[PDB]
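Data first, discussion second: the structure below is written as structure tokens.
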Amino acid sequence: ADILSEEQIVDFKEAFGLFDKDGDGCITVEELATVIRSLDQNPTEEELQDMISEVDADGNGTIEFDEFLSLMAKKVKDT
Ligand SMILES: [Ca+2]
Ligand SMILES: [Ca+2]
């Protein structure tokens, strides 16, 4: 069920990969801004930092799959 069948991961991984238009494996604040910008929203660095920091467990200025998945699942943990 939740083994070889990667449905949830694909969705998250698909959203993450799409965000990483560069495919470098990580989305930088500038790159994230581009994604958020498209979503009809564009917060200031501050909000981006506070939002990124809120999840950036390591605080590197970038978002990884685990971090991205947590941020999404963290805001949609309801499911
Ligand atoms: Ca990137
Ligand atoms: Ca990070």
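Identifiers in the structure tokens: chain A, B, ... in order shown; residue index from 1 per chain; ligand index from 1 in order shown.
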
- Task: List every residue of chain A that DSSP, applied to the backbone of this structure, places in alpha helix (DSSP H), and write the result as a ChimeraX atom specification.
- Result: /A:8-19,29-38,45-55,65-75

- Message: At a cut-off of 7 Å, using only C-alpha atoms, what residues contact segment 42-56 of chain A? Leave out same-chain residues fewer than 6 positions from it and give the result as a ChimeraX atom specification.
- Response: /A:33,36,63,67,71

Residues within 12 Å of ligand 1 should be enumerated using only C-alpha atoms and all ligand atoms and returned as an mmCIF file with N, CA, C and O atoms, in the first residue's frame.
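Saved file part.cif follows:
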```cif
data_model
loop_
_atom_site.group_PDB
_atom_site.id
_atom_site.type_symbol
_atom_site.label_atom_id
_atom_site.label_comp_id
_atom_site.auth_asym_id
_atom_site.auth_seq_id
_atom_site.Cartn_x
_atom_site.Cartn_y
_atom_site.Cartn_z
ATOM 1 N N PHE A 16 7.676 19.454 -5.673
ATOM 2 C CA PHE A 16 9.020 19.909 -5.347
ATOM 3 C C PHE A 16 9.865 20.058 -6.605
ATOM 4 O O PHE A 16 10.507 21.083 -6.812
ATOM 5 N N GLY A 17 9.865 19.025 -7.439
ATOM 6 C CA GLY A 17 10.650 19.067 -8.664
ATOM 7 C C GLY A 17 10.222 20.232 -9.534
ATOM 8 O O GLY A 17 11.059 20.934 -10.101
ATOM 9 N N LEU A 18 8.916 20.444 -9.642
ATOM 10 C CA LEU A 18 8.402 21.533 -10.458
ATOM 11 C C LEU A 18 8.922 22.867 -9.925
ATOM 12 O O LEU A 18 9.296 23.754 -10.691
ATOM 13 N N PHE A 19 8.941 23.004 -8.604
ATOM 14 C CA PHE A 19 9.408 24.241 -7.981
ATOM 15 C C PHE A 19 10.869 24.461 -8.284
ATOM 16 O O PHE A 19 11.306 25.584 -8.541
ATOM 17 N N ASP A 20 11.617 23.381 -8.262
ATOM 18 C CA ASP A 20 13.033 23.448 -8.547
ATOM 19 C C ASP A 20 13.265 23.502 -10.056
ATOM 20 O O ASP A 20 13.969 22.667 -10.618
ATOM 21 N N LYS A 21 12.629 24.476 -10.705
ATOM 22 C CA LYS A 21 12.734 24.627 -12.157
ATOM 23 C C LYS A 21 14.153 24.341 -12.650
ATOM 24 O O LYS A 21 14.349 24.015 -13.822
ATOM 25 N N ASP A 22 15.147 24.481 -11.772
ATOM 26 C CA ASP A 22 16.534 24.253 -12.171
ATOM 27 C C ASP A 22 16.909 22.776 -12.045
ATOM 28 O O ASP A 22 17.784 22.289 -12.759
ATOM 29 N N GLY A 23 16.239 22.070 -11.141
ATOM 30 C CA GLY A 23 16.510 20.648 -10.942
ATOM 31 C C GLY A 23 17.781 20.425 -10.126
ATOM 32 O O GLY A 23 18.303 19.309 -10.074
ATOM 33 N N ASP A 24 18.296 21.486 -9.510
ATOM 34 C CA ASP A 24 19.520 21.367 -8.728
ATOM 35 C C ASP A 24 19.295 20.494 -7.503
ATOM 36 O O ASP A 24 20.250 20.021 -6.888
ATOM 37 N N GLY A 25 18.029 20.278 -7.152
ATOM 38 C CA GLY A 25 17.691 19.456 -5.993
ATOM 39 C C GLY A 25 17.240 20.323 -4.822
ATOM 40 O O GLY A 25 16.710 19.817 -3.833
ATOM 41 N N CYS A 26 17.466 21.633 -4.931
ATOM 42 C CA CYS A 26 17.089 22.564 -3.862
ATOM 43 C C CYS A 26 16.532 23.866 -4.435
ATOM 44 O O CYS A 26 16.989 24.342 -5.477
ATOM 45 N N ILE A 27 15.554 24.452 -3.736
ATOM 46 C CA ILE A 27 14.960 25.723 -4.171
ATOM 47 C C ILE A 27 15.472 26.847 -3.276
ATOM 48 O O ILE A 27 15.254 26.822 -2.066
ATOM 49 N N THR A 28 16.138 27.835 -3.863
ATOM 50 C CA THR A 28 16.643 28.955 -3.073
ATOM 51 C C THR A 28 15.523 29.961 -2.833
ATOM 52 O O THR A 28 14.453 29.862 -3.435
ATOM 53 N N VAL A 29 15.758 30.922 -1.947
ATOM 54 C CA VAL A 29 14.730 31.914 -1.649
ATOM 55 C C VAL A 29 14.291 32.620 -2.932
ATOM 56 O O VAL A 29 13.097 32.814 -3.158
ATOM 57 N N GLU A 30 15.252 32.988 -3.775
ATOM 58 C CA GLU A 30 14.929 33.650 -5.027
ATOM 59 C C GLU A 30 14.090 32.731 -5.913
ATOM 60 O O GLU A 30 13.097 33.153 -6.513
ATOM 61 N N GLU A 31 14.483 31.461 -5.975
ATOM 62 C CA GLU A 31 13.755 30.487 -6.772
ATOM 63 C C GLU A 31 12.371 30.250 -6.174
ATOM 64 O O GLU A 31 11.374 30.142 -6.893
ATOM 65 N N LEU A 32 12.306 30.192 -4.849
ATOM 66 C CA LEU A 32 11.023 29.996 -4.192
ATOM 67 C C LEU A 32 10.137 31.191 -4.519
ATOM 68 O O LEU A 32 8.975 31.037 -4.875
ATOM 69 N N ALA A 33 10.702 32.387 -4.412
ATOM 70 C CA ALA A 33 9.945 33.598 -4.707
ATOM 71 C C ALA A 33 9.301 33.489 -6.084
ATOM 72 O O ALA A 33 8.153 33.887 -6.271
ATOM 73 N N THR A 34 10.032 32.925 -7.036
ATOM 74 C CA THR A 34 9.492 32.752 -8.375
ATOM 75 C C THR A 34 8.263 31.837 -8.324
ATOM 76 O O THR A 34 7.254 32.109 -8.981
ATOM 77 N N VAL A 35 8.343 30.750 -7.540
ATOM 78 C CA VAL A 35 7.202 29.838 -7.448
ATOM 79 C C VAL A 35 6.025 30.516 -6.741
ATOM 80 O O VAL A 35 4.900 30.520 -7.244
ATOM 81 N N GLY A 61 18.795 28.621 3.906
ATOM 82 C CA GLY A 61 18.335 29.593 2.909
ATOM 83 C C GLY A 61 17.749 28.884 1.690
ATOM 84 O O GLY A 61 17.427 29.515 0.684
ATOM 85 N N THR A 62 17.610 27.565 1.795
ATOM 86 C CA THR A 62 17.057 26.746 0.714
ATOM 87 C C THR A 62 16.048 25.752 1.279
ATOM 88 O O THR A 62 16.013 25.510 2.485
ATOM 89 N N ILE A 63 15.233 25.168 0.398
ATOM 90 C CA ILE A 63 14.229 24.186 0.818
ATOM 91 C C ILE A 63 14.479 22.860 0.103
ATOM 92 O O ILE A 63 14.606 22.828 -1.126
ATOM 93 N N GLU A 64 14.555 21.773 0.874
ATOM 94 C CA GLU A 64 14.792 20.445 0.305
ATOM 95 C C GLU A 64 13.491 19.644 0.287
ATOM 96 O O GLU A 64 12.465 20.099 0.792
ATOM 97 N N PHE A 65 13.531 18.457 -0.312
ATOM 98 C CA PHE A 65 12.330 17.629 -0.401
ATOM 99 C C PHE A 65 11.744 17.384 0.988
ATOM 100 O O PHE A 65 10.555 17.614 1.208
#
```

- Message: So that I can see what lies close to residue 9 of chain A, please list as a ChimeraX atom specification the residues with an atom at most 12 Å from it, counting only C-alpha atoms and leaving out residues fewer than 4 positions away in the same chain.
- Response: /A:2-5,13-17,65-66,68-70,72-73

Write the residues of the preceding selection, restricted to C-alpha atoms, as a short mmCIF file (atom, residue, chain, number, x, y, z; two decimals), in the first residue's frame.
```cif
data_model
loop_
_atom_site.label_atom_id
_atom_site.label_comp_id
_atom_site.auth_asym_id
_atom_site.auth_seq_id
_atom_site.Cartn_x
_atom_site.Cartn_y
_atom_site.Cartn_z
CA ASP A 2 2.58 2.56 1.17
CA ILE A 3 5.63 0.61 -0.01
CA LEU A 4 6.50 0.36 -3.70
CA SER A 5 3.34 2.33 -4.49
CA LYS A 13 8.06 15.05 -5.25
CA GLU A 14 6.25 16.35 -8.33
CA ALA A 15 5.46 19.65 -6.67
CA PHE A 16 9.02 19.91 -5.35
CA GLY A 17 10.65 19.07 -8.66
CA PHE A 65 12.33 17.63 -0.40
CA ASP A 66 12.08 16.64 3.27
CA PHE A 68 9.29 20.95 1.39
CA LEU A 69 7.25 17.84 2.19
CA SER A 70 7.08 18.82 5.85
CA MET A 72 3.24 21.12 2.80
CA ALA A 73 2.20 18.29 5.10
#
```

- Counting only C-alpha atoms and all ligand atoms, closest pick from A:60, A:39, A:79, A:74 relative to ligand 2 is A:60

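Each of A:1, A:59, A:78, A:38 was checked against ligand 2 using only C-alpha atoms and all ligand atoms; the smallest atom-to-atom distance is that of A:59.
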
- Query: Where in chain A does DSSP assign strand (DSSP E), given as a ChimeraX atom specification?
  - Reply: /A:27-28,62-63

Output for the residues just chosen: C-alpha atoms as a PDB file, in the first residue's frame:
```
ATOM      1  CA  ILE A  27      14.960  25.723  -4.171  1.00  0.00           C
ATOM      2  CA  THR A  28      16.643  28.955  -3.073  1.00  0.00           C
ATOM      3  CA  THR A  62      17.057  26.746   0.714  1.00  0.00           C
ATOM      4  CA  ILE A  63      14.229  24.186   0.818  1.00  0.00           C
TER       5      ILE A  63
END
```

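The shortest atom-to-atom distance to ligand 2, with only C-alpha atoms and all ligand atoms taken into account, belongs to A:58 out of A:12, A:77, A:58, A:41.
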